[PDB]
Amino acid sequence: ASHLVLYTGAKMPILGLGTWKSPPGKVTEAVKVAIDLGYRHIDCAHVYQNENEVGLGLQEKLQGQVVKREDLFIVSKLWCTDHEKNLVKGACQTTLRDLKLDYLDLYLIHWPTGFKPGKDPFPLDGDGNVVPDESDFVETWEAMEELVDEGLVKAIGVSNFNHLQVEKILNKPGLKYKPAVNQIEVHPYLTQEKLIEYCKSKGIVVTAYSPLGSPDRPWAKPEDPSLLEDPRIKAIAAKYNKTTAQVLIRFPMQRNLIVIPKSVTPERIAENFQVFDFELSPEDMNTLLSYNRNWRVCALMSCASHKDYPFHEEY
């Protein structure tokens, strides 16, 4: 309704601001506007290369006494080059310093795929194929657990793990803490109800990323279906006197999923928060669900031959 609750007890705000593709020079004002409207959850990642500028906006708000740290849910993610057990605490610490924080509320393994460690975030080989490393995410998970032990993060989770990969963690001998969250792509064209159902039966909250199907993604070829311009969802939105964006954000909320839409435009950030005031009647919910095309915006074919590439599995 307003926040879901993690198995730790922690209240996770159901709406958050996304920061991927939000440019360094715009994301500080975007984060400030968002906290001024009442957003209390920011979704970040080291690979978005803007955590420093996110941090600046947070800092201004925290020292300006506009929010208490306890009222903020800040998420970041461990990038693929940092999956070797020994690189994890370093990567978490760099993210804390950039964000100008003492702890994270949630730290996610960003993708199940470990890439060759080094300065370059996407180490490529001759064939333009990404270079794997010598690690298994169950080892990365152990290092992610030590972050909880030390108080650097309040909960750990995963992102883009298929249900068999989540199982690998859950069935790990010696497991201290289990995935509190699994953040995955969920929108009308990829409604994901089997992975959602699986996660929920395991007690793992789901965060639906790319609610509007990422119009601004780099690889957006012009003959790709725009959820925002899909006349069908414009129609259901018209009935609602709301926008396609607003009903596209309402949809995950209603399915009891955390939503993190991205915008750097102030007006749009304010629009995206104007959604806790209407409900979609079950017909609409089911029509939105019937748009399931299994169309996946974040497919990342360049990674497909990786041993832990998540999407060759049904769910």
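From 1 onward, residues are counted along the sequence shown.
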Decide which of the stretches 22 to 30 and 279 to 287 has the higher mean C-alpha B-factor, going by the entry. 279 to 287
Could you check which stretch, 107 to 115 or 220 to 228, carries the larger mean CA temperature factor in the entry? 220 to 228
Deposited CA B-factor, highest of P173, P215, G157, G90: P215
Among the choices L72, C80, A237, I169, identify the one whose CA B-factor in the record is greatest. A237
C-alpha B factor of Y39, ranked within the chain: lowest, middle or highest third? middle
Tertile call for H46 (CA temperature factor, within chain, third-based) is the lowest
Hey, what third does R97 fall into on Cα B-factor, ranked over its chain? lowest
Considering only modelled residues of the same chain, in which third does the CA B-factor of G151 rank: lowest, middle or highest? lowest
B-factor third for the C-alpha atom of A299 within its chain: highest
